[PDB]
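Scroll down for the structure; my scribbles are underneath it.
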Amino acid sequence: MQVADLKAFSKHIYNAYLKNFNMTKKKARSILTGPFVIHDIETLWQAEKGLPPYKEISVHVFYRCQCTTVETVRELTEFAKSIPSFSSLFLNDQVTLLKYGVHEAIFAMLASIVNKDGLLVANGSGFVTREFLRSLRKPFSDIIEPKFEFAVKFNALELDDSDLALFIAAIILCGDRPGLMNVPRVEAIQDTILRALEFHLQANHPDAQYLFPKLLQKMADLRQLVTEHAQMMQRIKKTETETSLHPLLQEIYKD
Amino acid sequence: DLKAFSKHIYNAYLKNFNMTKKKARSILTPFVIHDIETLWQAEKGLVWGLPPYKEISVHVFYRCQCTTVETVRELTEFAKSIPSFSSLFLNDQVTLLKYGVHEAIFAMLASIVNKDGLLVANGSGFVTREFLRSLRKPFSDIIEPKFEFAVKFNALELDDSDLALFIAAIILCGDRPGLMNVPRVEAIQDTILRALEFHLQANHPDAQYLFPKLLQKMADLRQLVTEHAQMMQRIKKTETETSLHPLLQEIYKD
Ligand SMILES: Cc1cnc(-c2ccc(C(F)(F)F)cc2)n1Cc1ccccc1OCCC[C@@H](C)CC(=O)O
Ligand SMILES: Cc1cnc(-c2ccc(C(F)(F)F)cc2)n1Cc1ccccc1OCCC[C@@H](C)CC(=O)O
């Protein structure tokens with residue numbers, strides 16, 4: 001695959017990204033820099049004016065992280081389907097890739113609707129302050145704060161949508177997911193994306209130093225972020241018998 | 001939209017292939033090569049950069065080579081004229097020719113062939129199927145299979161205009177290894193097949209079941225070339241004096 005092929009590869013992947021996600025970084029930045037601030041119980045309740053029956057604040061906020069996560073999984077599945085060589089993989093490989101890398105994607109993208117004071121919710125019509133989310137009882141708060149920690153260090157790399165389209169595709173087409181059927185083919189496609197990614201960054205961030213290796217580490221940082229997250233998800237599955245989990249996320253944390 | 005599609009692709013054919021089925025039939029109906037004499041005579045009394053002569057079958061084998069290589073360049077130019085093949089990834093363009101040229105070359109073999117042999121030397125010579133059977137193994141086993149096929153496929157009584165489309169659907173197979181953009185190739189294929197489908201209806205009205213028989217024929221050729229690549233391996237191993245044009249080492253490497 002030539003430099004030109006990879007250039008055209010990026011217009012394709014970017015197009016899939018624009019067609020498919022409702023919230024780009026362009027739409028978010030412009031909103032953030034100038035929605036309803038949800039900073040406490042009065043504000044949440046107001047902002048509420050089909051989730052499980054409301055039990056308690058920390059828990060209902062938990063359920064809204066579920067309603068948002070679910071929505072994004074569907075977005076990425078579509079996004080994955082529009083990646084050039086993905087529709088043409090074993091379906092078992094298509095599911096395994098989604099099942100193991102969607103959460104890395106979600107948290108890489110969450111950085112985009114995040115800043116240091118909180119995040120945009122509800123298609124950018126709401127804003128939940130970092131503080132208020134810090135204030136829900138453990139173990140919910142302790143599942144939310146590390147993702148913020150990550151995001152703030154990641155928006156420092158100052159990436160745009162056309163860069164995130166490739167970063168994200170690189171994460172889904174990861175050929176180390178366990179139980180893959182055709183590992184070398186995935187590894188092919190992945191490598192073609194990290195190559196297209198390498199050239200894109202030369203064009204679009206030419207003074208930027210060391211960007212590519214910086215990005216590969218954050219890929220690794222994400223694996224453990226998800227590892228540390230999945231752990232906590234399991235701790236909720238056990239310590240919080242009353243609290244439920246959408247069956248779409250039941251089959252994700254299945255194995 | 002489909003009828004225009006056909007005329008275009010047919011023009012790419014006549015532009016790019018010197019020997020069409022039409023030329024080939026109206027001769028078949030040339031100097032016969034049937035033995036060592038006629039061949040050595042052909043080789044001195046027909047004019048058509050070869051390895052120093054080692055033996056007769058190896059020489060025949062390098063002739064096959066001389067020719068398959070030349071047709072691989074024709075199929076290459078020809079594809080540059082199948083609509084939107086040029087606007088695929090150049091690495092996909094390569095992957096399609098590499099894995100598809102031979103299926104193409106043997107579909108087209110049937111055009112210059114009959115039961116008794118093939119035309120050679122751009123129409124000047126005729127080589128009997130007997131003489132080619134005559135040669136020693138592995139060189140006999142490589143040849144005959146094509147002939148069966150060429151004969152049975154010929155009984156479908158296609159013309160060039162059908163061929164020019166069949167050819168393209170064969171190149172445009174989004175089922176090759178290492179294809180980045182599968183569903184784009186599948187879609188150009190789809191258009192080609194629909195065009196060949198309407199073409200057939202228009203060209204061969206009373207003919208029942210012609211199009212689906214064509215799709216098995218496209219299947220058949222993948223298997224044939226699978227056995228042909230198997231067989232070539234036998235020759236990279238056992239015919240160790242006997243070289244292979246670099247361009248073919250390229251296509252077979254994997
Ligand atoms: C990615 C995301 C996008 N929007 C939200 C989000 C919007 C509004 C509200 C609410 F308004 F309820 F506060 C809560 C959250 N999040 C969740 C989010 C953000 C920052 C830190 C941790 C987050 O969730 C971790 C827990 C998610 C799991 C329940 C489900 C799973 O893991 O699959
Ligand atoms: C397609 C074709 C067109 N013309 C010839 C041909 C013309 C003149 C003479 C002669 F007799 F002169 F040597 C031999 C052959 N052929 C070859 C052909 C015909 C019928 C059956 C098997 C055939 O080749 C299989 C072997 C091809 C490989 C060496 C290289 C490769 O696999 O790419």
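Here, A, B, ... name the chains of the structure tokens in the order displayed, residue numbers run from 1 inside each chain, and ligands are numbered from 1 in the same displayed order.
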Residue contacts of residue 61 in chain A (12 Å, only C-alpha atoms) excluding same-chain residues fewer than 2 positions away, as an mmCIF file with N, CA and C atoms, in the first residue's frame:
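As a result, result-v3.cif now contains:
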data_model
loop_
_atom_site.group_PDB
_atom_site.id
_atom_site.type_symbol
_atom_site.label_atom_id
_atom_site.label_comp_id
_atom_site.auth_asym_id
_atom_site.auth_seq_id
_atom_site.Cartn_x
_atom_site.Cartn_y
_atom_site.Cartn_z
ATOM 1 N N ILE A 38 -25.603 20.461 35.196
ATOM 2 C CA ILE A 38 -26.117 19.569 36.234
ATOM 3 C C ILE A 38 -25.020 19.427 37.271
ATOM 4 N N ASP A 40 -25.851 19.414 40.883
ATOM 5 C CA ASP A 40 -26.320 18.858 42.136
ATOM 6 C C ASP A 40 -27.678 18.174 41.945
ATOM 7 N N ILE A 41 -28.237 17.644 43.035
ATOM 8 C CA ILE A 41 -29.528 16.965 42.991
ATOM 9 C C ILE A 41 -30.667 17.880 42.421
ATOM 10 N N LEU A 44 -29.913 18.073 38.632
ATOM 11 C CA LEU A 44 -30.191 16.803 37.943
ATOM 12 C C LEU A 44 -31.687 16.686 37.746
ATOM 13 N N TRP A 45 -32.423 16.636 38.852
ATOM 14 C CA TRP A 45 -33.872 16.451 38.802
ATOM 15 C C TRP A 45 -34.510 17.405 37.812
ATOM 16 N N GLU A 48 -33.840 16.299 34.405
ATOM 17 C CA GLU A 48 -34.689 15.139 34.041
ATOM 18 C C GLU A 48 -36.039 15.583 33.452
ATOM 19 N N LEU A 51 -35.148 4.380 31.737
ATOM 20 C CA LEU A 51 -34.156 3.686 32.581
ATOM 21 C C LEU A 51 -34.831 2.790 33.638
ATOM 22 N N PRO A 52 -34.046 2.009 34.422
ATOM 23 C CA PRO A 52 -34.661 1.221 35.510
ATOM 24 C C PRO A 52 -35.344 2.100 36.580
ATOM 25 N N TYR A 54 -35.990 4.552 39.409
ATOM 26 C CA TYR A 54 -35.006 5.342 40.193
ATOM 27 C C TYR A 54 -34.896 4.771 41.609
ATOM 28 N N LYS A 55 -33.678 4.425 42.031
ATOM 29 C CA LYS A 55 -33.470 3.951 43.423
ATOM 30 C C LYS A 55 -32.746 5.065 44.180
ATOM 31 N N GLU A 56 -31.497 5.347 43.799
ATOM 32 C CA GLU A 56 -30.710 6.415 44.435
ATOM 33 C C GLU A 56 -29.837 7.172 43.430
ATOM 34 N N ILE A 57 -29.365 8.358 43.807
ATOM 35 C CA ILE A 57 -28.631 9.227 42.873
ATOM 36 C C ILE A 57 -27.417 8.538 42.233
ATOM 37 N N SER A 58 -26.467 8.101 43.048
ATOM 38 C CA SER A 58 -25.286 7.430 42.509
ATOM 39 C C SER A 58 -25.675 6.328 41.500
ATOM 40 N N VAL A 59 -26.778 5.635 41.782
ATOM 41 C CA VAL A 59 -27.221 4.493 40.980
ATOM 42 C C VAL A 59 -27.876 4.912 39.667
ATOM 43 N N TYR A 63 -26.952 4.425 35.762
ATOM 44 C CA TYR A 63 -27.822 3.982 34.680
ATOM 45 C C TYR A 63 -27.775 4.877 33.467
ATOM 46 N N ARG A 64 -27.344 6.105 33.662
ATOM 47 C CA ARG A 64 -27.309 6.997 32.521
ATOM 48 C C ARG A 64 -25.993 6.832 31.764
ATOM 49 N N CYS A 65 -24.934 6.501 32.507
ATOM 50 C CA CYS A 65 -23.718 6.030 31.882
ATOM 51 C C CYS A 65 -24.009 4.781 31.060
ATOM 52 N N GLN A 66 -24.995 3.992 31.475
ATOM 53 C CA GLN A 66 -25.369 2.843 30.673
ATOM 54 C C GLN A 66 -26.141 3.322 29.445
ATOM 55 N N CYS A 67 -27.209 4.043 29.596
ATOM 56 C CA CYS A 67 -27.858 4.522 28.415
ATOM 57 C C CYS A 67 -26.926 5.235 27.404
ATOM 58 N N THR A 68 -25.870 5.905 27.845
ATOM 59 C CA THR A 68 -24.922 6.546 26.896
ATOM 60 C C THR A 68 -23.937 5.599 26.247
ATOM 61 N N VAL A 121 -23.489 16.051 28.080
ATOM 62 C CA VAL A 121 -24.364 14.937 28.048
ATOM 63 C C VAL A 121 -25.545 15.319 27.143
ATOM 64 N N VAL A 128 -22.501 17.796 32.794
ATOM 65 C CA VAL A 128 -22.393 17.306 34.179
ATOM 66 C C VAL A 128 -21.027 17.689 34.759
ATOM 67 N N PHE A 132 -19.597 17.161 40.728
ATOM 68 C CA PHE A 132 -20.791 16.474 41.150
ATOM 69 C C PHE A 132 -20.682 14.965 40.963
ATOM 70 N N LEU A 133 -19.985 14.557 39.904
ATOM 71 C CA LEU A 133 -19.772 13.132 39.625
ATOM 72 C C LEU A 133 -18.792 12.524 40.620
ATOM 73 N N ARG A 134 -17.899 13.363 41.148
ATOM 74 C CA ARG A 134 -16.937 12.974 42.180
ATOM 75 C C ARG A 134 -17.625 12.682 43.499
ATOM 76 N N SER A 135 -18.869 13.169 43.619
ATOM 77 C CA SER A 135 -19.604 13.273 44.867
ATOM 78 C C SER A 135 -20.630 12.142 45.074
ATOM 79 N N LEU A 136 -20.843 11.313 44.051
ATOM 80 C CA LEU A 136 -21.711 10.135 44.163
ATOM 81 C C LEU A 136 -20.952 9.170 44.999
ATOM 82 N N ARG A 137 -21.657 8.383 45.799
ATOM 83 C CA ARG A 137 -20.951 7.472 46.713
ATOM 84 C C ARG A 137 -20.044 6.518 45.950
ATOM 85 N N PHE A 140 -19.305 4.144 42.669
ATOM 86 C CA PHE A 140 -19.576 4.828 41.426
ATOM 87 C C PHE A 140 -18.561 5.944 41.121
ATOM 88 N N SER A 141 -18.288 6.817 42.100
ATOM 89 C CA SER A 141 -17.333 7.907 41.861
ATOM 90 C C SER A 141 -16.004 7.377 41.374
ATOM 91 N N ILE A 143 -15.212 4.802 39.665
ATOM 92 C CA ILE A 143 -15.298 4.343 38.281
ATOM 93 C C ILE A 143 -15.317 5.539 37.315
ATOM 94 N N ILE A 144 -15.678 6.719 37.789
ATOM 95 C CA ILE A 144 -15.771 7.864 36.904
ATOM 96 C C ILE A 144 -14.494 8.713 36.861
ATOM 97 N N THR A 243 -28.573 -3.167 41.734
ATOM 98 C CA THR A 243 -28.251 -2.373 40.515
ATOM 99 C C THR A 243 -28.044 -3.240 39.239
#
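Residues in contact with residue 141 in chain B at 12 Å, where only C-alpha atoms are counted and same-chain residues fewer than 2 positions away are skipped, are listed as residues 57, 61, 132, 133, 134, 135, 136, 137, 138, 139, 143, 144, 145, 146, 147, 148, 227, 228, 230, 231, 232, 234 and 235 of chain B.
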(request) Within 8 Å of ligand 2, which residues show up when you count only C-alpha atoms and all ligand atoms? List them as a PyMOL selection string, please. (result) chain B and resi 33+39+59-69+102+105-106+108-109+112+118-121+127+132+142-147+228-229+232+244+248
(request) For residue 85 in chain A, list every protein, DNA or RNA residue within 7 Å, evaluated using only C-alpha atoms, and leave out those in the same chain fewer than 6 positions away; present the list as a PyMOL selection string. (result) chain B and resi 180-182
(request) Identify, on the basis of only C-alpha atoms, every residue whose closest approach to range 83-93 of chain B does not exceed 12 Å; exclude the query and any residue fewer than 4 positions from it along the same chain; express the result as a ChimeraX atom specification. (result) /A:1-9,12,84-85,192 /B:1-2,4-6,8-9,12,75-79,97-101,165,168-169,171-189,191-192
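Atom pair CA of residue 158 in chain A / CA of residue 120 in chain A has a distance of 18.3 Å (rounded to one decimal).
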(message) Can you tell me which residues surround residue 119 in chain A at a distance of at most 10 Å, considering only C-alpha atoms, apart from same-chain residues fewer than 6 positions away, and format the answer as a list in words?
(response) residues 28, 32, 37, 38, 110, 111, 112, 113, 126, 127, 128, 129, 130, 133 and 148 of chain A
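When only C-alpha atoms are used to measure the gap to residue 149 in chain A, the shortest distance among A:203, A:108, A:97, A:196 belongs to A:108.
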(message) For the alpha helix (DSSP H) assignment from backbone DSSP, which residues of range 50-140 of chain B qualify? Please present them as a ChimeraX atom specification.
(response) /B:56-79,90-107,129-134,139-140
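The set of residues in range 12-232 of chain A assigned to strand (DSSP E) by DSSP, using only backbone atoms of this structure, is residues 36, 37, 38, 114, 115, 118, 119, 120, 121, 126, 127, 128 and 129 of chain A.
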Write the residues of the selection above to a file with N, CA, C and O atoms, as a compact mmCIF listing (two decimals), in the first residue's frame.
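Heads up, here's the output in out.txt:
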# COMPACT_ATOMS: atom_id res chain seq x y z
N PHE A 36 -27.36 23.26 29.86
CA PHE A 36 -27.75 23.18 31.27
C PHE A 36 -26.70 22.50 32.15
O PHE A 36 -26.39 21.33 31.94
N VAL A 37 -26.15 23.23 33.12
CA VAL A 37 -25.24 22.64 34.11
C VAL A 37 -25.94 21.74 35.16
O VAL A 37 -26.76 22.21 35.93
N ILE A 38 -25.60 20.46 35.20
CA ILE A 38 -26.12 19.57 36.23
C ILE A 38 -25.02 19.43 37.27
O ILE A 38 -24.03 18.73 37.03
N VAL A 114 -15.38 15.84 27.01
CA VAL A 114 -14.85 16.25 28.31
C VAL A 114 -14.01 17.54 28.27
O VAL A 114 -13.37 17.86 27.24
N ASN A 115 -14.04 18.27 29.38
CA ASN A 115 -12.96 19.19 29.80
C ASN A 115 -12.65 18.98 31.32
O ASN A 115 -13.14 18.00 31.92
N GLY A 118 -15.95 18.97 33.88
CA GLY A 118 -17.10 18.05 33.68
C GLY A 118 -17.32 17.69 32.22
O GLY A 118 -16.44 17.91 31.40
N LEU A 119 -18.49 17.16 31.89
CA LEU A 119 -18.72 16.72 30.52
C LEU A 119 -20.11 16.98 29.98
O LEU A 119 -21.08 17.04 30.76
N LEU A 120 -20.19 17.09 28.65
CA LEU A 120 -21.45 17.24 27.92
C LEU A 120 -22.22 15.95 27.79
O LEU A 120 -21.71 14.89 27.39
N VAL A 121 -23.49 16.05 28.08
CA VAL A 121 -24.36 14.94 28.05
C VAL A 121 -25.55 15.32 27.14
O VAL A 121 -25.78 16.52 26.89
N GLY A 126 -26.88 19.13 27.86
CA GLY A 126 -26.52 19.15 29.26
C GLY A 126 -25.01 19.20 29.46
O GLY A 126 -24.24 19.00 28.51
N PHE A 127 -24.59 19.47 30.69
CA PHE A 127 -23.20 19.44 31.11
C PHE A 127 -23.19 18.91 32.54
O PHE A 127 -23.84 19.52 33.41
N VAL A 128 -22.50 17.80 32.79
CA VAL A 128 -22.39 17.31 34.18
C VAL A 128 -21.03 17.69 34.76
O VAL A 128 -20.00 17.31 34.22
N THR A 129 -20.99 18.44 35.85
CA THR A 129 -19.69 18.94 36.34
C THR A 129 -18.90 17.81 36.95
O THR A 129 -19.48 16.98 37.62
(message) Taking 4 positions as the minimum chain separation for residues in the same chain, which residues sit within 12 Å of residue 237 in chain A when counting only C-alpha atoms? Answer as a list in words.
(response) residues 139, 230, 231, 232, 233, 241, 242, 243, 244, 245, 246, 249, 250, 253 and 254 of chain A
